[PDB]
Amino acid sequence: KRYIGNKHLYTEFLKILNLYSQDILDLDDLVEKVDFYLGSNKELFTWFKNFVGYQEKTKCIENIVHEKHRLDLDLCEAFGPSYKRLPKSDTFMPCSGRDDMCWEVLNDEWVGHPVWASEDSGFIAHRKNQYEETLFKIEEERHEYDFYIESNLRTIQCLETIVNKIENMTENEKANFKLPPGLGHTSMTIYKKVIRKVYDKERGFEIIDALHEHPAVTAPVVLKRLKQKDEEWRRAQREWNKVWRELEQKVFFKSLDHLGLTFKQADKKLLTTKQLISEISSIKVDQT
Amino acid sequence: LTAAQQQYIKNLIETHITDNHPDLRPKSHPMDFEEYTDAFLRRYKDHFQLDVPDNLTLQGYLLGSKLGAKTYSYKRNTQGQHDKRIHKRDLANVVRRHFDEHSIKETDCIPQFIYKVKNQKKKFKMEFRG
Amino acid sequence: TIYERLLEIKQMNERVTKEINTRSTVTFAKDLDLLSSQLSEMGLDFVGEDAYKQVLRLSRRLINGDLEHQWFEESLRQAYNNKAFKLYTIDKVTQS
Amino acid sequence: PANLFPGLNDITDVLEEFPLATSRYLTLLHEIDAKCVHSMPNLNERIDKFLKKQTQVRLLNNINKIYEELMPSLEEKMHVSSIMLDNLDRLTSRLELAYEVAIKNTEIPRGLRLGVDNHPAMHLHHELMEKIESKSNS
Amino acid sequence: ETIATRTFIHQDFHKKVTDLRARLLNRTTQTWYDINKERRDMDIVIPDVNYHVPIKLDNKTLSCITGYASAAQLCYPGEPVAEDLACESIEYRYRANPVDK
Amino acid sequence: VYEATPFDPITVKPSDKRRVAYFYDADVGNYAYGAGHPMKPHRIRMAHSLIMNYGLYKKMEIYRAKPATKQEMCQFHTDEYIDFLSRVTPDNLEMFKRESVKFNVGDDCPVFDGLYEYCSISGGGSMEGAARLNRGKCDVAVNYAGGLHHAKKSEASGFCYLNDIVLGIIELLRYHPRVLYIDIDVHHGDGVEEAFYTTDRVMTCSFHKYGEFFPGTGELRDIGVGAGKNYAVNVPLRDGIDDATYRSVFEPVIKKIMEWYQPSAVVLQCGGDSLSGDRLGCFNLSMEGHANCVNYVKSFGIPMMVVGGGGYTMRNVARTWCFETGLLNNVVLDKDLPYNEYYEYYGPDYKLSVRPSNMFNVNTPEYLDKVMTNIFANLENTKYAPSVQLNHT
Amino acid sequence: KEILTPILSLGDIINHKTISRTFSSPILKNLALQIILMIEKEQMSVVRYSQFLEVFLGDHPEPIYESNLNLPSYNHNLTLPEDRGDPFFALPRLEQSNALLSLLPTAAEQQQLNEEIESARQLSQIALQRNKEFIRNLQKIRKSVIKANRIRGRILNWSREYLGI
Amino acid sequence: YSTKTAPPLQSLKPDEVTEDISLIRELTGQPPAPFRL
Ligand SMILES: [K+]
Ligand SMILES: [K+]
Ligand SMILES: [Zn+2]
C-alpha cells in the first residue's frame, strides 16, 4: 500500500488479487499480471512469489551456479575402455524437470571418452570414388531447390486462408484485425524465414511487423509476391531436372563398382610370377 | 549508404536481433481483457453469471469466408440458434465493463486472499463463492 | 585362373537370365520418357537368349578390337550389377 | 562442541523400519487377490469376446453378473493402499528430516560431498574460456 | 493426396475428442477421492507420534530454556534452494541447523 | 557360435496383426541445417509421399502429436542446455560464443532457423508414441522424425541436439519393469547407452562399426558399470557386411536377449546410414536385409516403438522406411514406385529397391564367432530371480 | 557392548558389523520390483475396462479407417481421360460399434435390454475409477521406496570413499 | 567433362521490395520511407 501510492491503481491491483482468490485466474497469470504493479521492486516481488508458492519451471542461464565445464577427460579415473568418472561438482547440474525415478534410472557420473583405434586388418582403406561424389552434389542441389520451394508453398497456404477471410468482411473489421505470432497456425518460424528469403534478410522484419499489426493491408500484398517466386523457381527447377537426370544415368552404375574400377590395375599387378610363386607358402621370399 | 537508410537498417537490426531473454517478452496490460486466454474470459462470465455468449476462438473467426461458409461450424454458429458464439472482442468488452463497475472494498478481499494462498494444496476448503 | 572366373559366371547364368528376361518397366517412366536406351541402341542388352553366351560373344568382339572397353564394362555392370568385374580384363589375361 | 552423529543414527533406524511396514500390507493385498482369481480371468475373457463379436444379450447379462459379483473386493484394495500410503509418508518425512540434518551437520564433510577445488582436470576449460575472453578484450 | 489428408483430418479430430472425455472423467473422480481423504483427516482426535531428530523449540526442549541457542525458524514453501540440495532429491525445511544438541 | 547361412525372402507371418499408429507433422520437412550439411529432414516428407501414393495410409491412423515442452525436455537434459537451445538463433550467435564453445556447437551441429521447433517435433512424437503405447491403444508406434540418438545430457553431438529416445523410454518405464532398445545404425548408440549405463531396467543393444570411426566408443568389453553391469551389449563389426552375414549375426543375439532379459516393450532405431550407397556409412546392406531386422523384432509380439535415425542418401532412407512401414502392416509392397511429387531422386529405373555393391566383406567366421561367444557369456547374468511372478511380459 | 551402540564416524557404515548389515541390504530394491510388477497387472485391467465403457458411451474405441468414415464422395475436374490431348466438407457418418449393433437381430425384452445396457455402463465406470485410484496410490508408494533406496546408496558410497576403499 | 552446376534461387529486386514497402506504409498511415523510387 505504501509503494503503489495512488488509491485508484491500488484498487485495481486489489481487484486483480481478488480475481485470483475467486478461483478465476491462475497462479502464473496472476504473477504475470502483478508484474505491472510490483515489477520495479524485487524484494516485494520475491517475498510475494515465495508466499504464493511460485516456482519457475526451468532456470535461466544468467543465474546458474554449477555450469558446464570443458573438462579434459585425460586426468579422470577410468572404468573399462571408454568411460571416465566425472568430478563431483559437475554432478550437481540442475535438471529441473526430474522426478524420483528420473533419478533412480538415469546415470549421472560416468561419461564416455572416444578412443581412436587402429584396426586389425592388413588391407587398403575403403574410400569414396569420384562417381559417388558427383551424386552427392546432384542431391545437394536437388535438395536446395526443394527446400526453398516447398517452404514457399506453406506460407502460401496460410496467407491464402487469411486473404479468403479478409475478402468476406467489412471495413471496421478491416481496421480492427490483428494476427498473433504464428498467424493462426501451428508453426511460428517458417513464415518469417520465407519472408526474409523472398524480400530481404534485413527488411523482411518490417514486413513481418506490418503482417502482425495490419493483416488486412499487408497480406494480400505479400501473397502476390510469394506466388510470383513460386512460378519463377518451379520454372528453373523443372529446367534443371533434365540436366541432373542426364548426369545421373552414367555415374549411377559406375558408382557402385568399388572393386572393378581399380580391379583392372589390381589384376595386372597380382598375376606376376612373383605373387604366383609366393602363394605356395612353403617357398619363402621375405615379408614386405 | 546515405546517412538515413544506414541508421534505419541499424535500428531495424537493433530492435529485432537480441538474445531472447525471458525478461523482455512483451507483456500485455492488465486492463486489456482480450489478452486473457479466452478461458479466463469464459470462467469470469460463468462465475459472475453474466449474460453473454461464448467467443469464437481464432480458427472459427478465420473460418468465415465465402468458401468457409459451407463448413459445419459456420452453419452451426450462424443460423438461428441460442449457442451462437461471438467475436472475442464483444465478450471481452462485457467482461471489462462488469469489471470496472462491480466494486469491492477490502476488509474482506485481503483475508480471503490469505486463506486462499495458505490452502492452495487443499482440496477441501472454503469456496469463496461456490 | 581363367577357368574359375568363367565357372562362377556359368553358375550365376540361370538366375541372371531368368531375371533379365522377366524385367518390367514402370509405366509412368515409359510415358514420360525418363529411361535410356543407349545399351539398346547398341544391342548391348541381354535379351532373351542366354547371358553366358552373350558375355562370351562380347568378349570375342572385344578381343577383335571393334567394341570399346567402356561399353563392355557398362553392359557388364547393368546386366551383372556387382558380379562380373572379374571379366573386365578377359582380353588381357588371354593375351598373356 | 562435539558431534554425536544424530542424523546417521536416525537414518539407520528409519532404513531398518522401512521394509517391515510394507510387507504386512503386501500380504494383505495378496490375501485380497486370492478371491479374484476365478473372477478376473473369465471376466477379461468375456469382455474381449463381447468386444470382438440373440446370445449377446445373455453374454452382457453374464458380464454384469460377474462385474457386480467382483465389485466388493475392489474397494478393499484401495482402502489398504491408502493406509499403506499414509504410513510410508510418515516414514518418508522422518527420513528426509534425518537426512537434511545429517547434511546440515557435518556427519558428511562438505569436501567429501561436493568434491575438490581445481581438480587436476579443468585446465582445458580455463584455457578455452581465457582465450574467448582474451580475444574478446582484443 | 487430398483424399488421404481428408481422412487424416477426421481421424485426428476423433482422437482428440475421445482423449478429452476420458481425461475429464479421470479428473473428476480424482477430485472426489481427494475430498474423501481430506474429510476423514479432519476426524482424527489424537494423531500418531513418531521419532525424529529433536529440534529447538520456542519454550521447550533444552537449548532455548537454558539460554544456549536460538529457535529453528521454519522456512517458506518455495524459496531459494541450493542446487546440490535440489539434486539430493529434496524436501528442505529449517533454514539453518535445526537440531538441538 | 555362429554359422553363416544364405539370406531368405522377407515374409510377413498372419498369426499376429498390429494396430499401427503413425505419427507425422507436415512442418518437419521445412527445416534445414545449412548449405552442404548431410542432414536433411526433407527425406521424412519424401517417405510420407510414398505412404500416401501406395495406398498404405488406409490400414493405419496418422496423427500429429503436440510438441514437447521445455520441462519435458529437462527430464533428461540440463536447464542451461535447453535454455541455450531455446534462445540461440543464426543471427545472435555472436552473443553466445561461450555457450557454443561449451555445449559442442558450431561445425558438426550448427544452429539453423527452427532448431527448437524441430526438436519439439521429434520429442513430442516420441513421447506421444510412448504414452499411446502405455494406454493400450496401439501395438506399434512409428515416428521417423525421432531417433537423434547421439545427443548428450549437456552437449550436442553428431547432428543431434535432443535425445528423444531417452524421453520416450522414460515414459515407457512408468508402467513397465524392463525395456529393450535396439540400435542398428552404423554409428554407436552412445547417448542412450551413456544415459542408461548404471541401471538394469533399460538394456541397450548396439550393432555398430568399430574402428577409426565415429563416435569412438562401444567396445566388446564395455558392458555396464554398477548395477548395470552386463546390461549393455555391443556388437562391433567391420566394413562390407552384407545381408546374409548381418542376418546370421543379428538374429541369435536378439533371440537370446529376448529369452533371458525378457523385456516387454522394445524401442527400435532404424537408422539408414547402414545401407549400401550411403555417404557416411560403410556397410553393404540391401533393403531386404535392412528390413528383415524390423520383421524379426516384430515377430516376437511385444509393444514396439519404431523411430528414425540416420540415412544420408535421401532416396534410400525414403524407400526403406516406406517398405518397413508396409511390412509392419503385414504388406509386402510392389517394386514399381507410383507416380508421386518426387518422381525424381529415384533414377535410374524408378523402383522400390536398394542395390548393394561388390565391395569386400572384412568380417569372417572367426572374428564373429569370438564376438558372439563373448556376448553369449556376458548375457547370462541378466535374468530374473526365480521367485518373481510376472505378467507373461 | 559393541553391537549396541551409535555411529562414531562415517567409516562405521562399513566397519561396524551390525550397521553394515543395513546399508548394504538388497531389500529396498526387490520391493520396488514387486510394486512395479503389480502396477503392470493392474494397468492391464484398467485397459480392458476402459474400452467397455467407451463402447457404451458412444465413442468408437475400434480403430476408424478410411472405409469406416463413410464420407460422401465428391468430384472436382481431375483425372483426365485417355490421350484426349459440399460433399467435400461433410462429416464421417460413423455407423455404429459392432459390439452394439450385434445385439439387435417385444417391449418387455426391449426394456430388459435397456436396463442391461444401463447397468453395464455404470458398473464399468465404477470399476475403472477404482482401479485408477489403486494405481495412483501404488505409484506414490513406489516413489517413497526408491527415494529411500537412493539415499541409502549415496551414504554407502560416501562412506566407502571416506575409508579410501 | 560434366561439372554442370545449377545457379542459386533468386529473390525480389530492391526496387520491387522498395515499391512494396512504401505502398504498405502509405496504405497504413505511417510517414514516408527513407528510400524512394
Ligand atoms: K548402432
Ligand atoms: K543399461
Ligand atoms: Zn549414424
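Entry numbering is not used for residues: they are numbered from 1 along each chain in the order the sequence is written, which may differ from it, and residues without coordinates are omitted. Here the convention is simple: chains get letters from A, ligands get numbers from 1, in the order in which they are written. All values in this description refer to the chains shown, which are themselves only part of a larger assembly. Calculation of side-chain values draws on the structure's entire complement of heavy atoms; hydrogens and water are dropped beforehand.

Per the deposited record, determination of this structure is attributed to cryo-EM, with the resolution reported as 2.6 Å.

J.: Summarise the overall build of chain F; cite the residues concerned and give the values.
T.: Within chain F, the regular secondary structure consists of eleven helices and eight strands. Taken over the C-alpha atoms alone, chain F extends approximately 55 × 55 × 45 Å along its principal axes. In this scheme, a residue with accessible area under 20% of its type's maximum is buried, one over 50% is exposed, and one in between is partly exposed, where area comes from a 1.4 Å probe on protein chains only. Within chain F, the proportion of its 393 residues that are buried is 73%. In what follows, a contact means two residues having at least one pair of non-hydrogen atoms within 4.5 Å. Here the contacts in chain F between residues at least 6 apart in sequence split such that 80% fall between residues at least 24 apart. By the criteria applied, helices consist of DSSP H or I runs no shorter than four residues and strands consist of E runs no shorter than two, each listed in order from the N terminus.

J.: How would you sum up the overall build of chain D? Please name residues and give values.
T.: Counting its secondary structure elements, chain D contains five helices and zero strands. The order of helices and strands in chain D, counted from the N terminus, is α-α-α-α-α. For a compact globule the rule gives 2.2 Å times the number of residues to the power 0.38, and the radius of gyration it is set against comes from C-alpha atoms. Taken against the 2.2 N^0.38 rule, which gives 14 Å for 138 residues, the C-alpha radius of gyration of chain D at 30 Å runs more than 25% over that of a compact globule. Referenced to the eigenvectors of the C-alpha coordinate spread, the extents of chain D come out at roughly 90 × 50 × 20 Å. In the structure as shown, chain D presents an accessible area of about 7400 Å², 54% of it carried by carbon and sulfur atoms. Two residue types count as positive, namely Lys and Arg, and two as negative, namely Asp and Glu; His and chain ends fall outside the count. Note that the charge is assigned to NZ on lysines, CZ on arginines, CG on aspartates and CD on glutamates. The distance from the centre of the 16 positive side-chain charges to the centre of the 21 negative ones in chain D is 11 Å. The method behind every accessible area is Shrake-Rupley, applied with a 1.4 Å probe, and residues are considered shielded solely by the protein chains displayed.

J.: An account of the coordination of the potassium ion (ligand 1) is needed here, citing residue identities and associated values.
T.: Looking at the potassium ion (ligand 1), the protein donor atoms are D183 of chain F (O), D183 of chain F (OD) and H187 of chain F (O), and they sit 1.8 to 2.8 Å from it. Like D183 of chain F, the residue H187 of chain F is buried in the burial classification. With water excluded from the atoms, a metal site may look incomplete; its donors are any N, O or S atoms within 2.8 Å, or within 3.2 Å for Na, K and Ca.

J.: Explain the interface of chain E and chain G residue by residue, including any values.
T.: Between chain E and chain G, the residue contacts involve 20 residues of the former and 26 residues of the latter. Buried area is understood as the total, over both parts, of accessible area removed when two parts are fitted together, assessed with a 1.4 Å probe. Of the roughly 2000 Å² buried at the junction of chain E and chain G (both faces included), carbon and sulfur atoms supply 50%. Salt bridges are defined as contacts in which a side-chain nitrogen from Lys or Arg sits within 4 Å of a carboxyl oxygen from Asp or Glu. Counting every contact that joins chain E to chain G gives three salt bridges. The residue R21 of chain E makes a salt bridge to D59 of chain G at a minimum N-O spacing of 3.5 Å.

J.: Lay out the sheet that holds strand β1 (residues 78-79) of chain A in plain terms, naming residues and giving numbers.
T.: Paired through their backbone hydrogen bonds, the strands of a sheet run either parallel or antiparallel. Residues and elements named next belong to chain A. Spatial strand order, β1-β2-β3: three strands in an open sheet with antiparallel pairing. Both outer strands of the open sheet, β1 and β3 (110-112), are each paired with one neighbouring strand and no more. Strand pairing is assigned whenever DSSP identifies at least 2 bridges connecting the two strands. When strand β2 (residues 83-85) meets β3, the two strands line up antiparallel, connected through three bridges. If you follow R85 over to β3, its bridge partner there is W110.

J.: An account of the side chain of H14 of chain E is requested, with residue identities and associated values reported.
T.: You can see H14 of chain E is positioned in helix α1 (residues 2-40). Residue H14 of chain E is classed as buried on the basis of its relative accessible area of 18%. Contact partners of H14 of chain E, with chain neighbours within four places excluded, come to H60 and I64 of chain G.

J.: Which residues make up the sheet that holds strand β7 (residues 266-269) of chain F, and what are the values?
T.: Residue and element names in this part refer to chain F. Spatially, eight strands are ordered β2-β1-β3-β8-β7-β4-β5-β6 in an open sheet, and the strand pairing comes out parallel. Two strands lie at the open edges of the sheet, namely β2 (61-63) and β6 (232-237), each paired on one side alone. The mean inter-strand angle of the sheet, taken between neighbouring strand axes irrespective of direction, is 15 degrees. Sheet analysis places strand β4 (residues 179-183) next to strand β5 (residues 202-209), joined by five bridges and oriented parallel. Within β5, the position partnered with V179 by the bridge is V202. Sheet contacts for helix α5 (residues 115-134): β1 (21-23), β2, β3 (140-143) and β8 (304-307); angle to β8, the most-contacted strand, approximately 165 degrees. Axes here refer to lines fitted to C-alpha atoms; in helices the fit is confined to the stretch in contact. Angles between the N-to-C directions go from 0 to 180 degrees.

J.: Would you mind going over the coordination of the potassium ion (ligand 2) in detail, with residue names and values included?
T.: Residues and elements named next belong to chain F. Around the potassium ion (ligand 2), the protein contributes the donor atoms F196 (O), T199 (O), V202 (O) and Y231 (O), at 2.3 to 3.1 Å from the metal centre. Each donor residue of the potassium ion (ligand 2) belongs to the same chain, and together they define the spacing F-x2-T-x2-V-x28-Y. For the pair formed by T199 and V202, the shared burial category is buried.

J.: Residues and numbers for helix α6 (residues 109-117) of chain B, please.
T.: Looking at α6 of chain B, one finds that the buried residues are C109, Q112, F113, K116 and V117 of chain B. Burial along α6 of chain B is one-sided: seen end-on, the buried residues are contained in an arc of 130 degrees. On its buried side, α6 of chain B packs onto α1 (7-21) and α3 (42-52) of chain A. The arc in question is the one spanned by the directions pointing from the helix axis to the C-beta atoms.

J.: Please provide a residue-by-residue account of the nonpolar core, values included.
T.: Think of a nonpolar core as a cluster: buried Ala, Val, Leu, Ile, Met, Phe, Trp, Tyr and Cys residues, connected wherever their side-chain atoms sit within 4.5 Å. The biggest cluster of nonpolar side chains holds 245 residues, and the ones touching the most others in it are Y161, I182, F196 and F207 of chain F. Counting 38 residues, the second-largest nonpolar core is a separate cluster that includes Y10 of chain A together with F33, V94 and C109 of chain B.

J.: Could you give me a rundown of the packing of aromatic side chains, with the residues and numbers involved?
T.: Remark: the centre distance and the inter-plane angle together describe each pair of aromatic rings, the angle taken between the planes. Two aromatic rings from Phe, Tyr or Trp, using only the six-membered ring of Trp, form a pair when their centres are within 6.5 Å; if the ring planes differ by under 30 degrees the pair is stacked, by over 60 it is edge-to-face, and anything between is tilted. If you walk through the whole model with that rule in mind, you get 58 aromatic pairs over all chains. Among the aromatic residues, those joined into a ring-pair cluster are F33, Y36, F40, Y44, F48 and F99 of chain B. Criterion for a charge above a ring: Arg CZ or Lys NZ at most 6 Å from the ring centre, at most 35 degrees from the ring normal. The ring of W103 of chain A has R98 of chain A sitting right over it, with the charged end atom 4.7 Å from the ring centre.

J.: Before we move on, can you summarise the interface of chain F and chain A with the specific residues and values?
T.: At the junction of the two partners, chain F supplies 80 residues and chain A supplies 68 residues. The interface formed by chain F and chain A holds ten salt bridges in total. With a closest N to O distance of 3.2 Å, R87 of chain F and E62 of chain A form a salt bridge. Pairing of N or O atoms within 3.5 Å defines a polar contact, subject to two protein rules: one partner must be a possible hydrogen donor and the other a possible acceptor, and residues neighboring in sequence count only if both atoms are side-chain atoms. Connecting chain F to chain A are 29 residue pairs in polar contact.

J.: Residue-level account of the pairing of β5 of chain F, with values.
T.: All names here are of chain F. Among the eight residues of β5, eight are classified as buried, and the element is accordingly described as predominantly covered. Side chains of β5 alternate between two faces, with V202, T204, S206 and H208 and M203, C205, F207 and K209 buried alike. With its strands directed away from the observer, a crossover is right-handed exactly when the path from the first strand over the helix to the second travels clockwise. The parallel pair β4 and β5, bridged by helix α7 (residues 190-195), forms a crossover whose chirality is right-handed. Inspection of the sheet shows β5 paired to β6 by six bridges, in the parallel sense.

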